[PDB]
Amino acid sequence: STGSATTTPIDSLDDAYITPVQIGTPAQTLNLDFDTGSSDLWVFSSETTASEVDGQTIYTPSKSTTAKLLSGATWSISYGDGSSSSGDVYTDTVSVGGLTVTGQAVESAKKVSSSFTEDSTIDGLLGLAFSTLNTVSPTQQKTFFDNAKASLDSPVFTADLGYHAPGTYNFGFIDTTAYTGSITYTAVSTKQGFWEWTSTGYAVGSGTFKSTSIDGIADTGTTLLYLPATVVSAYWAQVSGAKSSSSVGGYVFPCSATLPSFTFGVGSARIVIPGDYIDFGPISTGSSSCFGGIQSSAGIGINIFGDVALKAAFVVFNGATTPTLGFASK
């Protein structure tokens, strides 16, 4: 089997991407944030504290003939941005782009933090990291991908995120029309539960490539590119007037600037992030200070190849017995 679904930016900055997901019988379609940095499929629901719902579409398990309470199971998750959610668990039928999993754990939120409430466009998350990170207790549950894997034509999914445009998540096949050149594959460590890999270096604009190992994670659920302070300083030094602002929470730059590109290495291959991808617009409405899309990972504890980086590539998440990651230009 295979599946193919379009993923759409939630706003004009590509802050996140939503993908429609069918849950239950008859189908209830919710728009979920596919997150290769976590491993829980959770949704706003009929159980979510009413004051914490503001515009989201909810899953109502009592209206699904295939829903079953997973008795005694609870979940609770905290994300890198400080947001969180928790609740109980149902199993139900879940379909993405024509690919169906029966008996998928659907984690129903009883509580969500303010960031989730305030984002009316995101109805929940669909985790695509390794199932070892799943938070369901006392019986850990599998991701949608893990459950689907055996049925797929090939044990892979691909992320093809757009810049200010829709893109695609495919399951079970590699669309050879969706990228240019060849795909370069690189090793993955699953030791921390992430799609963790080592970039071979970077360049700023038309500058020379610096060969240096940068361990980090491919994380579709993180907006920006978070890299070591040395790398980030070298980038922003090429933008007149750019500075790190503790009050704003990162590097800012004059909105009048033209940003240089940023290149990262995948083995001997190179992925180029155009400068425009690194512009996250005014820090507040009407400001002439703009927020940067490359930020320091210092104090996160891990480097993160988030959407800024991933959207410059066609990315293969290869879930074979020994997982790997592939990157192609597009």
# chains A, B, ... in the order shown; residues from 1 in each chain; ligands from 1
>>> closest_atom_pairs(of="range 82-188 of chain A", to="range 195-216 of chain A", cutoff="8 Å", atoms="only C-alpha atoms", output="tab-separated table")
residue	atom	partner	partner_atom	distance
A:129	CA	A:195	CA	6.5
A:130	CA	A:195	CA	7.8
A:186	CA	A:197	CA	7.0
A:187	CA	A:197	CA	6.0
A:188	CA	A:197	CA	4.9
>>> write_last_selection(atoms="N, CA, C and O atoms", output="PDB file, in the first residue's frame")
ATOM      1  N   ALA A 129       8.483  10.422  14.681  1.00  0.00           N
ATOM      2  CA  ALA A 129       9.757   9.955  15.226  1.00  0.00           C
ATOM      3  C   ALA A 129       9.608   8.481  15.640  1.00  0.00           C
ATOM      4  O   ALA A 129       8.618   7.826  15.302  1.00  0.00           O
ATOM      5  N   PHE A 130      10.592   7.938  16.349  1.00  0.00           N
ATOM      6  CA  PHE A 130      10.567   6.516  16.666  1.00  0.00           C
ATOM      7  C   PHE A 130       9.633   6.249  17.840  1.00  0.00           C
ATOM      8  O   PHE A 130       9.480   7.076  18.746  1.00  0.00           O
ATOM      9  N   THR A 186      22.222   9.178   4.238  1.00  0.00           N
ATOM     10  CA  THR A 186      23.147   9.387   5.336  1.00  0.00           C
ATOM     11  C   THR A 186      22.647   8.614   6.564  1.00  0.00           C
ATOM     12  O   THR A 186      21.443   8.388   6.734  1.00  0.00           O
ATOM     13  N   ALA A 187      23.576   8.210   7.418  1.00  0.00           N
ATOM     14  CA  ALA A 187      23.261   7.367   8.561  1.00  0.00           C
ATOM     15  C   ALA A 187      22.415   8.074   9.620  1.00  0.00           C
ATOM     16  O   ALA A 187      22.529   9.283   9.827  1.00  0.00           O
ATOM     17  N   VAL A 188      21.603   7.282  10.308  1.00  0.00           N
ATOM     18  CA  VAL A 188      20.731   7.752  11.369  1.00  0.00           C
ATOM     19  C   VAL A 188      21.068   7.017  12.657  1.00  0.00           C
ATOM     20  O   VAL A 188      21.296   5.810  12.654  1.00  0.00           O
TER      21      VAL A 188
END
>>> closest_atom_pairs(of="range 8-123 of chain A", to="range 152-165 of chain A", cutoff="12 Å", atoms="only C-alpha atoms", output="CSV")
residue,atom,partner,partner_atom,distance
A:8,CA,A:165,CA,6.8
A:9,CA,A:165,CA,6.7
A:10,CA,A:164,CA,9.7
A:11,CA,A:164,CA,8.4
A:12,CA,A:164,CA,6.5
A:13,CA,A:164,CA,7.0
A:14,CA,A:164,CA,6.1
A:15,CA,A:164,CA,9.9
A:16,CA,A:161,CA,10.0
A:17,CA,A:161,CA,8.1
A:18,CA,A:161,CA,10.6
A:19,CA,A:161,CA,11.1
A:34,CA,A:159,CA,9.6
A:35,CA,A:159,CA,10.5
A:36,CA,A:159,CA,9.6
A:96,CA,A:157,CA,11.7
A:98,CA,A:152,CA,11.9
A:99,CA,A:152,CA,8.8
A:100,CA,A:152,CA,10.4
A:101,CA,A:152,CA,10.8
>>> write_last_selection(atoms="N, CA and C atoms", output="compact mmCIF listing (two decimals), in the first residue's frame")
# COMPACT_ATOMS: atom_id res chain seq x y z
N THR A 8 -0.08 21.80 4.02
CA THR A 8 -0.34 23.20 3.70
C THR A 8 0.16 24.10 4.84
N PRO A 9 0.91 25.16 4.52
CA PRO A 9 1.33 26.08 5.60
C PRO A 9 0.13 26.68 6.33
N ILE A 10 0.25 26.87 7.65
CA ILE A 10 -0.85 27.41 8.44
C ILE A 10 -0.98 28.91 8.31
N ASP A 11 0.07 29.58 7.84
CA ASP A 11 0.10 31.03 7.78
C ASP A 11 1.14 31.47 6.76
N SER A 12 1.27 32.78 6.59
CA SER A 12 2.10 33.34 5.54
C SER A 12 3.60 33.21 5.82
N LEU A 13 3.96 32.76 7.02
CA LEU A 13 5.36 32.59 7.39
C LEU A 13 5.83 31.14 7.35
N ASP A 14 4.94 30.21 7.01
CA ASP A 14 5.26 28.78 7.10
C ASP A 14 5.61 28.41 8.54
N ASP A 15 4.86 28.90 9.51
CA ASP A 15 5.18 28.58 10.90
C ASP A 15 5.02 27.08 11.21
N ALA A 16 4.10 26.44 10.52
CA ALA A 16 3.88 25.01 10.62
C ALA A 16 3.07 24.60 9.40
N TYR A 17 2.88 23.30 9.24
CA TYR A 17 2.15 22.74 8.12
C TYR A 17 1.10 21.78 8.66
N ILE A 18 -0.08 21.81 8.04
CA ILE A 18 -1.18 20.91 8.41
C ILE A 18 -1.55 19.99 7.27
N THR A 19 -1.88 18.75 7.64
CA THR A 19 -2.18 17.69 6.71
C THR A 19 -3.50 17.06 7.16
N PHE A 34 2.16 17.13 11.22
CA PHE A 34 3.02 15.95 11.14
C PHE A 34 4.40 16.31 11.68
N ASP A 35 4.85 15.58 12.70
CA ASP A 35 5.99 15.99 13.50
C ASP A 35 7.01 14.85 13.58
N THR A 36 8.06 14.92 12.77
CA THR A 36 9.10 13.91 12.81
C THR A 36 10.01 14.01 14.04
N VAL A 96 -4.44 8.37 6.15
CA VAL A 96 -3.69 9.51 5.65
C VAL A 96 -3.50 9.31 4.16
N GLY A 98 -5.20 8.16 1.78
CA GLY A 98 -5.58 6.87 1.24
C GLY A 98 -4.96 5.64 1.90
N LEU A 99 -4.01 5.84 2.81
CA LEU A 99 -3.38 4.75 3.55
C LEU A 99 -4.07 4.60 4.90
N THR A 100 -4.58 3.40 5.18
CA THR A 100 -5.38 3.16 6.38
C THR A 100 -4.67 2.24 7.36
N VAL A 101 -4.68 2.65 8.63
CA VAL A 101 -4.24 1.83 9.76
C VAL A 101 -5.43 1.59 10.66
>>> closest_residue(among="A:258, A:131, A:85, A:176", to="residue 39 in chain A", atoms="only C-alpha atoms")
A:131
>>> closest_residue(among="A:93, A:122, A:230, A:136", to="residue 77 in chain A", atoms="only C-alpha atoms")
A:136
>>> residues_around(residues="residue 74 in chain A", least_positions_apart="3", cutoff="10 Å", atoms="only C-alpha atoms", output="PyMOL selection string")
chain A and resi 70-71+86-90+107-109+135-140
>>> select_by_dssp(residues="range 197-235 of chain A", states="helix (DSSP H, G or I)", output="list in words")
residues 229, 230, 231, 232, 233, 234 and 235 of chain A
>>> write_last_selection(atoms="C-alpha atoms", output="PDB file, in the first residue's frame")
ATOM      1  CA  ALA A 229      26.408  29.351  18.024  1.00  0.00           C
ATOM      2  CA  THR A 230      29.619  29.470  15.988  1.00  0.00           C
ATOM      3  CA  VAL A 231      27.752  28.595  12.766  1.00  0.00           C
ATOM      4  CA  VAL A 232      24.883  30.978  13.464  1.00  0.00           C
ATOM      5  CA  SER A 233      27.231  33.860  14.272  1.00  0.00           C
ATOM      6  CA  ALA A 234      29.094  33.263  11.002  1.00  0.00           C
ATOM      7  CA  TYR A 235      25.795  33.463   9.101  1.00  0.00           C
TER       8      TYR A 235
END
>>> residues_around(residues="residue 326 in chain A", least_positions_apart="2", cutoff="10 Å", atoms="only C-alpha atoms", output="JSON, numbers by chain")
{"A": [158, 182, 183, 184, 185, 186, 187, 266, 313, 314, 315, 316, 317, 318, 324, 328]}
>>> write_last_selection(atoms="C-alpha atoms", output="compact mmCIF listing (two decimals), in the first residue's frame")
# COMPACT_ATOMS: atom_id res chain seq x y z
CA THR A 158 8.91 11.39 2.41
CA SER A 182 20.01 12.13 -6.99
CA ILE A 183 19.09 11.41 -3.38
CA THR A 184 22.03 11.27 -0.97
CA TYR A 185 21.49 8.95 1.96
CA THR A 186 23.15 9.39 5.34
CA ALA A 187 23.26 7.37 8.56
CA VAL A 266 24.70 15.79 3.34
CA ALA A 313 14.92 19.53 0.09
CA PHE A 314 13.03 16.39 -0.79
CA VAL A 315 13.58 14.28 2.34
CA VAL A 316 13.34 10.50 2.63
CA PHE A 317 12.71 8.99 6.07
CA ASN A 318 13.82 5.41 5.47
CA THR A 324 18.64 6.21 7.08
CA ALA A 328 17.72 15.65 -2.66
>>> select_by_dssp(residues="range 50-239 of chain A", states="strand (DSSP E or B)", output="MDAnalysis selection string")
chainID A and resid 59 68:78 84:96 99:112 124:127 137 156:160 167:171 184:187 189 196:204 210:218 225:227
>>> closest_residue(among="A:43, A:148, A:125, A:73", to="residue 319 in chain A", atoms="only C-alpha atoms")
A:148
>>> residues_around(residues="range 269-277 of chain A", least_positions_apart="6", cutoff="7 Å", atoms="only C-alpha atoms", output="PDB file with N, CA, C and O atoms, in the first residue's frame")
ATOM      1  N   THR A 184      20.891  11.699  -1.770  1.00  0.00           N
ATOM      2  CA  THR A 184      22.032  11.271  -0.971  1.00  0.00           C
ATOM      3  C   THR A 184      21.560  10.795   0.383  1.00  0.00           C
ATOM      4  O   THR A 184      20.921  11.540   1.126  1.00  0.00           O
ATOM      5  N   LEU A 259      18.920  38.744   2.504  1.00  0.00           N
ATOM      6  CA  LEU A 259      19.618  37.688   3.231  1.00  0.00           C
ATOM      7  C   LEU A 259      20.413  36.791   2.299  1.00  0.00           C
ATOM      8  O   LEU A 259      19.940  36.431   1.222  1.00  0.00           O
ATOM      9  N   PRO A 260      21.611  36.373   2.731  1.00  0.00           N
ATOM     10  CA  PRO A 260      22.355  35.361   1.981  1.00  0.00           C
ATOM     11  C   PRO A 260      21.740  33.970   2.152  1.00  0.00           C
ATOM     12  O   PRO A 260      21.041  33.683   3.124  1.00  0.00           O
ATOM     13  N   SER A 261      22.012  33.101   1.198  1.00  0.00           N
ATOM     14  CA  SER A 261      21.643  31.710   1.342  1.00  0.00           C
ATOM     15  C   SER A 261      22.484  31.030   2.421  1.00  0.00           C
ATOM     16  O   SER A 261      23.488  31.566   2.904  1.00  0.00           O
ATOM     17  N   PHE A 262      22.063  29.820   2.776  1.00  0.00           N
ATOM     18  CA  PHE A 262      22.797  28.976   3.707  1.00  0.00           C
ATOM     19  C   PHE A 262      22.818  27.569   3.135  1.00  0.00           C
ATOM     20  O   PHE A 262      21.771  27.022   2.813  1.00  0.00           O
ATOM     21  N   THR A 263      24.010  26.993   3.025  1.00  0.00           N
ATOM     22  CA  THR A 263      24.173  25.644   2.492  1.00  0.00           C
ATOM     23  C   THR A 263      24.524  24.683   3.618  1.00  0.00           C
ATOM     24  O   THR A 263      25.382  25.010   4.445  1.00  0.00           O
ATOM     25  N   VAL A 308      12.751  25.292   8.023  1.00  0.00           N
ATOM     26  CA  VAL A 308      13.604  26.160   7.209  1.00  0.00           C
ATOM     27  C   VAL A 308      14.579  25.362   6.352  1.00  0.00           C
ATOM     28  O   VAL A 308      14.799  25.680   5.183  1.00  0.00           O
ATOM     29  N   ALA A 309      15.201  24.356   6.955  1.00  0.00           N
ATOM     30  CA  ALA A 309      16.119  23.489   6.229  1.00  0.00           C
ATOM     31  C   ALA A 309      15.385  22.453   5.385  1.00  0.00           C
ATOM     32  O   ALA A 309      15.723  22.248   4.221  1.00  0.00           O
ATOM     33  N   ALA A 312      13.819  23.126   1.857  1.00  0.00           N
ATOM     34  CA  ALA A 312      14.747  23.289   0.739  1.00  0.00           C
ATOM     35  C   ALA A 312      15.081  21.959   0.062  1.00  0.00           C
ATOM     36  O   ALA A 312      15.819  21.944  -0.919  1.00  0.00           O
ATOM     37  N   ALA A 313      14.559  20.856   0.579  1.00  0.00           N
ATOM     38  CA  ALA A 313      14.922  19.530   0.088  1.00  0.00           C
ATOM     39  C   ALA A 313      13.705  18.626  -0.071  1.00  0.00           C
ATOM     40  O   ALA A 313      12.643  18.875   0.496  1.00  0.00           O
ATOM     41  N   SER A 329      17.970  17.799  -3.726  1.00  0.00           N
ATOM     42  CA  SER A 329      17.502  19.111  -4.148  1.00  0.00           C
ATOM     43  C   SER A 329      16.196  18.956  -4.933  1.00  0.00           C
ATOM     44  O   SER A 329      15.843  17.853  -5.363  1.00  0.00           O
TER      45      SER A 329
END
>>> atom_distance(atom1="CA of residue 170 in chain A", atom2="CA of residue 6 in chain A")
8.7 Å
